[PDB]
Ligand SMILES: *[C@H](CF)CC(=O)C(=O)O
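Numbering (the entry's author numbering), first residue to last: 1 to 59.
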């Protein structure tokens, strides 16, 4: 399994490392998939690069 997670910029390294660990564990547990088979990619979005309803995250 390969997971990619788009999140807004601004979080600490430590919190991102938690995200990676906890998502990986959830995938492994859910699927009975070996933990070493699980890859996670965190993709940070600049606040001026994410829209909801046509309005920026930076607003
Ligand atoms: C997760 C993607 F299907 C499995 C994988 O990449 C692997 O078996 O190494």
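Virtual Cβ for every residue (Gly too), placed ideally from N, Cα, C.
Separation of residue 46 and residue 35 (C-alpha to C-alpha, rounded to the nearest whole angstrom) is 30 angstroms. Not one heavy atom of ligand 1 lies closer than 7 angstroms to the C-beta of residue 30. Annotation for residue 42: 5 and 16 place their beta carbon closer than 6 angstroms to its own, counting only its chain and skipping 5 residues before and after. Residue side-chain check: residue 7 keeps its Cβ at 7 angstroms or more from all non-hydrogen atoms of ligand 1. Distances between the C-beta of residue 20 and the heavy atoms of ligand 1 are all 7 angstroms or more.
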